[PDB]
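As structure tokens, the structure follows; a few thoughts come after it.
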Amino acid sequence: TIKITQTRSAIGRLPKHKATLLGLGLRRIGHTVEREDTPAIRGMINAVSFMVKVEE
Amino acid sequence: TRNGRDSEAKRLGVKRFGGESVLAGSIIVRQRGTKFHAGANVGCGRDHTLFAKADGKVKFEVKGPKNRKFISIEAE
Amino acid sequence: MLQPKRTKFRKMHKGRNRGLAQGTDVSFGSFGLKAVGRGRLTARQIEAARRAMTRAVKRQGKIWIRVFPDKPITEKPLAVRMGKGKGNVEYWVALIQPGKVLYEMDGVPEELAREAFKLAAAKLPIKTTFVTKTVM
Amino acid sequence: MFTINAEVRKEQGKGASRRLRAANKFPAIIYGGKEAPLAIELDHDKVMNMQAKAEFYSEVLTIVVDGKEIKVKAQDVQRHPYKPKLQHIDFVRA
RNA sequence: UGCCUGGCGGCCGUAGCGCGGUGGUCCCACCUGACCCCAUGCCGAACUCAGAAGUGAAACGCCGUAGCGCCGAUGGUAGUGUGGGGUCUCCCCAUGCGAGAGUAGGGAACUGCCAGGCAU
RNA sequence: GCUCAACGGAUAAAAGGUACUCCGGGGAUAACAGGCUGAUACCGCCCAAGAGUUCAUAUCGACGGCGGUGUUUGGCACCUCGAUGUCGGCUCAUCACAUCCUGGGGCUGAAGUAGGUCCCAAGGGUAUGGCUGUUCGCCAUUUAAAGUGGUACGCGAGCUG
RNA sequence: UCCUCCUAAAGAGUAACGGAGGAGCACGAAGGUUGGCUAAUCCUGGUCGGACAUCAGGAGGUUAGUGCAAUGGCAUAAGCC
RNA sequence: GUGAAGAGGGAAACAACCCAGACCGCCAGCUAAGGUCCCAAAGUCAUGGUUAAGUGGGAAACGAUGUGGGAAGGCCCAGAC
Ligand SMILES: [Mg+2]
Ligand SMILES: [Mg+2]
Ligand SMILES: [Mg+2]
Ligand SMILES: [Mg+2]
Ligand SMILES: [Mg+2]
Ligand SMILES: [Mg+2]
Ligand SMILES: [Mg+2]
Ligand SMILES: [Mg+2]
Ligand SMILES: [Mg+2]
Ligand SMILES: [Mg+2]
Ligand SMILES: [Mg+2]
Ligand SMILES: [Mg+2]
Ligand SMILES: [Mg+2]
Ligand SMILES: [Mg+2]
Ligand SMILES: [Mg+2]
Ligand SMILES: [Mg+2]
Ligand SMILES: [Mg+2]
Ligand SMILES: [Mg+2]
Ligand SMILES: [Mg+2]
Ligand SMILES: [Mg+2]
Ligand SMILES: [Mg+2]
Ligand SMILES: [Mg+2]
Ligand SMILES: [Mg+2]
Ligand SMILES: [Mg+2]
Ligand SMILES: [Mg+2]
Ligand SMILES: [Mg+2]
Ligand SMILES: [Mg+2]
Ligand SMILES: [Mg+2]
Ligand SMILES: [Mg+2]
Ligand SMILES: [Mg+2]
Ligand SMILES: [Mg+2]
Ligand SMILES: [Mg+2]
Ligand SMILES: [Mg+2]
Ligand SMILES: [Mg+2]
Ligand SMILES: [Mg+2]
Ligand SMILES: [Mg+2]
Ligand SMILES: [Mg+2]
Ligand SMILES: [Mg+2]
Ligand SMILES: [Mg+2]
Ligand SMILES: [Mg+2]
Ligand SMILES: [Mg+2]
Ligand SMILES: [Mg+2]
Ligand SMILES: [Mg+2]
Ligand SMILES: [Mg+2]
Ligand SMILES: [Mg+2]
Ligand SMILES: [Mg+2]
Ligand SMILES: [Mg+2]
Ligand SMILES: [Mg+2]
Ligand SMILES: [Mg+2]
Ligand SMILES: [Mg+2]
Ligand SMILES: [Mg+2]
Ligand SMILES: [Mg+2]
Ligand SMILES: [Mg+2]
Ligand SMILES: [Mg+2]
Ligand SMILES: [Mg+2]
Ligand SMILES: [Mg+2]
Ligand SMILES: [Mg+2]
Ligand SMILES: [Mg+2]
Ligand SMILES: [Mg+2]
């Protein structure tokens, strides 16, 4: 299974990386969330892959 | 002096892009020459506008012996 | 000197100065002097180096220039407020990107060619160094 | 008597080959005929003292890769436009 | 079934130009002849008709053909989203996407409804 | 039918002066001075054709190259318009050193004398008059010397107009 | 005020006292349709004919043309009878 | 994208730069950007090399037996200097 946490903030970053966190539901630093797996979820994590930590 | 004028263009190009579904009477490509040619079931107007005659999905098809862009209409 | 006998239109934009070279290797003769830095070469400097290197070759052998300036640089005249148009062309500049060659030489031997190219190197704004004829 | 000692690269492309360029090496390619393109690395300064003769570009070379002394000739070379270096060589299987 | 030849097609320079041979029983061109059928801004050159003495020379398809054009690798190139920098007038880093020109090569079309002739 | 052409077209119809001027505003927007680049100005460097009887380097340096200082002419309109008095003289200065004098050394195409030219050195000193409103300038005449600059081109709550 | 390319960052759009140009008409055919045809240029030969009139082939293949500026088109020609 | 309409630690101060989005209370713990010799909180922490110039703590053209590492060559007990 997967796991997602958000370690860097998102204020001074793009509106192409202020709407992926909508689709990941992350609203605060440390907001750990488990989701499904598919190629789409990896494609939606490799766009914001500088500010999450995957936990697996 | 010598360099004062310009004119805004008539907002040309492709309007209904290749792949999706259009009605009858709407316009695909408003263009200058015969840049995208007389494809299947489209009319080229007086100012060479590509307007469909039937309904359905559009498809950008290369054809011809001189490599010309034909813009097609088939029934969805 | 060198200058275009004809441009299609009068005044060109500035552009930018990115990229590596194209005329990289020696293409005609035996010896070459090649740029290293990034910059801009006017009409006067290359013919000044042509005289300063012909004076060391002493009408022997043959030399080739390949770069030819064609950029219509301009100036705004002094004590005119910044509006009211562009300016009139003052001189013609070439663009030199890092790696492009300027001159080639044959005939006269290499140890003379050291200082014979060093003199024309000393009148040029970007650092150059010597290269030889490469057999492929 | 001109020989070549080399091994085969792990990962290909730009960002790997730039570090392979930094680490005293440079890529090559060996193509031609029946055997597929072999994408190896070489030694940089140990062939700088070998490319200083025209017999590099006019004489046979024996490359020791995969326990197989391949018999090649020099085909084409690229160079850094403002450095005394070597970048990338072709080698035909002929 | 096999080969050749005739209108139409898929095809879009690997399908086109090169130079050397080719095949005329049938088909096709040349050709033959011309007043009404039509014809030329002069003219049987084009356009139309009537017919088959003669030729496959020019046209027209085939094989031979690397002088081309054309297709085309793998490998390397600067560009380049997004993020960190630097010696921030421009380049380096980790990540992908990574083409144009050139090297090794292919390469003298391929195929389909249709009609005739000769053979199997 | 309307070159309404200032072309969305205020009227069927329209030009100037105010140093005699007045009002509402404006540092959005000029002049004076700052601040920001540093194009022109000035002063050090680099290559060294030549000039210099011989000789690039005693002294100059062609065709070109790179910076410094902020110092003239300029560029931008930021502070400043419900106001910071502006050029030059008179009276008082202080620092800077790219040093005019004076102090010590090397080179010279330096015999001595007097000089050329950079290098160290800013402690101290630096003309009285004619002329125009004038800094400067020219001229007459001394001295070892009649330096170059910033300080709101110092200084009108200190003084002439 | 309107029109054409570029700056304009591979779709539309995007400015300045930025870089260059044209319009404020015409056409009773220069329009609709049918039928047919295909260029610029040089070589060679030829009555006066010359480097450039017209005539002959022949190379070459839109490098030409559009009633006018460019830009995009154009052989089925939208070019010419 | 901050900034105008935004507070706070690091850039000495410093609207725009990097970190980050504070509704109220507490004498509670972990870090970011950035810092750990004392001013002012945290390593005069360990191996490990360069530097000898306050370089660090402002800059070019060019200059040089300053210095450390790599790659080749020529001359040599046919003693090279
Ligand atoms: Mg370039
Ligand atoms: Mg990369
Ligand atoms: Mg033949
Ligand atoms: Mg033939
Ligand atoms: Mg005939
Ligand atoms: Mg490539
Ligand atoms: Mg390619
Ligand atoms: Mg072929
Ligand atoms: Mg053939
Ligand atoms: Mg108006
Ligand atoms: Mg209006
Ligand atoms: Mg009006
Ligand atoms: Mg009116
Ligand atoms: Mg009066
Ligand atoms: Mg009066
Ligand atoms: Mg008033
Ligand atoms: Mg006010
Ligand atoms: Mg203001
Ligand atoms: Mg002024
Ligand atoms: Mg001012
Ligand atoms: Mg000033
Ligand atoms: Mg400065
Ligand atoms: Mg000095
Ligand atoms: Mg002398
Ligand atoms: Mg001197
Ligand atoms: Mg002020
Ligand atoms: Mg006040
Ligand atoms: Mg005032
Ligand atoms: Mg001094
Ligand atoms: Mg002296
Ligand atoms: Mg003093
Ligand atoms: Mg003094
Ligand atoms: Mg004392
Ligand atoms: Mg007096
Ligand atoms: Mg008087
Ligand atoms: Mg005086
Ligand atoms: Mg002043
Ligand atoms: Mg001043
Ligand atoms: Mg003063
Ligand atoms: Mg004053
Ligand atoms: Mg006062
Ligand atoms: Mg006064
Ligand atoms: Mg008065
Ligand atoms: Mg666009
Ligand atoms: Mg017409
Ligand atoms: Mg003739
Ligand atoms: Mg027609
Ligand atoms: Mg915004
Ligand atoms: Mg406001
Ligand atoms: Mg704040
Ligand atoms: Mg703060
Ligand atoms: Mg600061
Ligand atoms: Mg503070
Ligand atoms: Mg909050
Ligand atoms: Mg940190
Ligand atoms: Mg402490
Ligand atoms: Mg320690
Ligand atoms: Mg330095
Ligand atoms: Mg000796």
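We name chains A, B, ... following the order of the structure tokens; residues begin at 1 in each chain, and ligands are numbered from 1 as shown.
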
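With only C-alpha atoms (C1' of nucleotides) taken into account, chain C has residues 122, 124, 125, 126 and 127 of chain C at most 10 Å from chain H.
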
Closest contacts (chain F/chain C, max 10 Å, only C-alpha atoms (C1' of nucleotides)) as a Markdown table:
| residue | atom | partner | partner_atom | distance |
| --- | --- | --- | --- | --- |
| F:39 | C1' | C:78 | CA | 8.0 |
| F:40 | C1' | C:78 | CA | 7.8 |
| F:46 | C1' | C:122 | CA | 7.7 |
| F:47 | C1' | C:122 | CA | 5.0 |
| F:48 | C1' | C:119 | CA | 9.2 |
| F:49 | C1' | C:55 | CA | 8.5 |
| F:63 | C1' | C:48 | CA | 5.5 |
| F:64 | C1' | C:123 | CA | 5.3 |
| F:65 | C1' | C:123 | CA | 5.4 |
| F:66 | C1' | C:125 | CA | 8.1 |
| F:73 | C1' | C:79 | CA | 8.3 |
| F:74 | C1' | C:79 | CA | 5.6 |
| F:75 | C1' | C:81 | CA | 7.2 |
| F:76 | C1' | C:82 | CA | 9.1 |

Task: Within 9 Å of region 50-52 of chain F using only C-alpha atoms (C1' of nucleotides), minus same-chain residues under 6 positions, as a PyMOL selection string - done: chain F and resi 59-62+109

TODO: Define the interface residues of chain A facing chain E as those within 10 Å, counting only C-alpha atoms (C1' of nucleotides), and report them as a PyMOL selection string.
DONE: chain A and resi 14+16-17+46-51

What are the residues of chain G lining chain B at 8 Å or less? Count only C-alpha atoms (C1' of nucleotides), and put the answer as a PDB file with N, CA and C atoms (P, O5', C5', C4', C3', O3' and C1' of nucleotides), in the first residue's frame.
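Dumped everything to iface.pdb:
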ATOM      1  P     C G   3      -8.674  46.449 -40.284  1.00  0.00           P
ATOM      2  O5'   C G   3      -7.818  46.420 -41.622  1.00  0.00           O
ATOM      3  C5'   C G   3      -8.351  45.850 -42.805  1.00  0.00           C
ATOM      4  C4'   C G   3      -7.294  45.667 -43.861  1.00  0.00           C
ATOM      5  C3'   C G   3      -6.046  44.936 -43.400  1.00  0.00           C
ATOM      6  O3'   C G   3      -6.211  43.530 -43.407  1.00  0.00           O
ATOM      7  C1'   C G   3      -5.438  46.855 -44.652  1.00  0.00           C
ATOM      8  P     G G  11       1.166  29.009 -30.142  1.00  0.00           P
ATOM      9  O5'   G G  11      -0.156  29.157 -31.009  1.00  0.00           O
ATOM     10  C5'   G G  11      -0.304  28.446 -32.227  1.00  0.00           C
ATOM     11  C4'   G G  11      -1.756  28.202 -32.537  1.00  0.00           C
ATOM     12  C3'   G G  11      -2.668  29.415 -32.435  1.00  0.00           C
ATOM     13  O3'   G G  11      -2.651  30.243 -33.584  1.00  0.00           O
ATOM     14  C1'   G G  11      -3.603  27.672 -31.197  1.00  0.00           C
ATOM     15  P     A G  12      -2.501  31.834 -33.428  1.00  0.00           P
ATOM     16  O5'   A G  12      -3.856  32.288 -32.733  1.00  0.00           O
ATOM     17  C5'   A G  12      -5.069  32.262 -33.462  1.00  0.00           C
ATOM     18  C4'   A G  12      -6.185  32.979 -32.745  1.00  0.00           C
ATOM     19  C3'   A G  12      -5.936  34.426 -32.359  1.00  0.00           C
ATOM     20  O3'   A G  12      -6.131  35.315 -33.438  1.00  0.00           O
ATOM     21  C1'   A G  12      -6.988  33.271 -30.578  1.00  0.00           C
ATOM     22  P     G G  13      -5.179  36.588 -33.618  1.00  0.00           P
ATOM     23  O5'   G G  13      -5.221  37.321 -32.210  1.00  0.00           O
ATOM     24  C5'   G G  13      -6.220  38.286 -31.926  1.00  0.00           C
ATOM     25  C4'   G G  13      -6.246  38.635 -30.463  1.00  0.00           C
ATOM     26  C3'   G G  13      -5.140  39.553 -29.973  1.00  0.00           C
ATOM     27  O3'   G G  13      -5.440  40.920 -30.201  1.00  0.00           O
ATOM     28  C1'   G G  13      -5.339  37.704 -28.519  1.00  0.00           C
ATOM     29  P     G G  18       9.280  55.087 -29.221  1.00  0.00           P
ATOM     30  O5'   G G  18       8.584  54.058 -30.209  1.00  0.00           O
ATOM     31  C5'   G G  18       9.017  53.944 -31.554  1.00  0.00           C
ATOM     32  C4'   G G  18       9.784  52.666 -31.756  1.00  0.00           C
ATOM     33  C3'   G G  18      10.078  52.252 -33.186  1.00  0.00           C
ATOM     34  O3'   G G  18      11.192  52.912 -33.755  1.00  0.00           O
ATOM     35  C1'   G G  18       9.213  50.420 -32.023  1.00  0.00           C
ATOM     36  P     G G  19      11.238  53.220 -35.333  1.00  0.00           P
ATOM     37  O5'   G G  19      11.328  51.785 -36.028  1.00  0.00           O
ATOM     38  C5'   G G  19      12.534  51.042 -35.956  1.00  0.00           C
ATOM     39  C4'   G G  19      12.472  49.712 -36.668  1.00  0.00           C
ATOM     40  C3'   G G  19      12.165  49.721 -38.151  1.00  0.00           C
ATOM     41  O3'   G G  19      13.242  50.163 -38.958  1.00  0.00           O
ATOM     42  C1'   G G  19      10.981  47.968 -37.125  1.00  0.00           C
ATOM     43  P     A G  20      12.965  50.798 -40.410  1.00  0.00           P
ATOM     44  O5'   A G  20      11.400  50.652 -40.618  1.00  0.00           O
ATOM     45  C5'   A G  20      10.767  51.189 -41.763  1.00  0.00           C
ATOM     46  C4'   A G  20      10.448  50.113 -42.763  1.00  0.00           C
ATOM     47  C3'   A G  20       9.555  50.526 -43.917  1.00  0.00           C
ATOM     48  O3'   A G  20      10.282  51.179 -44.940  1.00  0.00           O
ATOM     49  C1'   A G  20       8.776  48.493 -43.012  1.00  0.00           C
ATOM     50  P     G G  72       3.995  33.578 -46.788  1.00  0.00           P
ATOM     51  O5'   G G  72       2.578  32.882 -46.987  1.00  0.00           O
ATOM     52  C5'   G G  72       1.879  32.348 -45.877  1.00  0.00           C
ATOM     53  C4'   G G  72       0.458  31.989 -46.222  1.00  0.00           C
ATOM     54  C3'   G G  72       0.266  31.027 -47.374  1.00  0.00           C
ATOM     55  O3'   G G  72       0.503  29.682 -47.004  1.00  0.00           O
ATOM     56  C1'   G G  72      -1.291  32.797 -47.539  1.00  0.00           C
ATOM     57  P     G G  73       0.789  28.570 -48.125  1.00  0.00           P
ATOM     58  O5'   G G  73      -0.651  28.214 -48.698  1.00  0.00           O
ATOM     59  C5'   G G  73      -0.848  28.002 -50.086  1.00  0.00           C
ATOM     60  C4'   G G  73      -2.222  28.435 -50.527  1.00  0.00           C
ATOM     61  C3'   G G  73      -2.606  28.036 -51.940  1.00  0.00           C
ATOM     62  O3'   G G  73      -3.107  26.715 -52.016  1.00  0.00           O
ATOM     63  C1'   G G  73      -3.073  30.331 -51.619  1.00  0.00           C
TER      64        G G  73
END

Task: Selection: 12 Å around residue 5 (chain C), only C-alpha atoms (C1' of nucleotides), excl. self and same-chain fewer than 2 positions, as a PyMOL selection string - done: chain C and resi 2-3+7-8+68-70+92
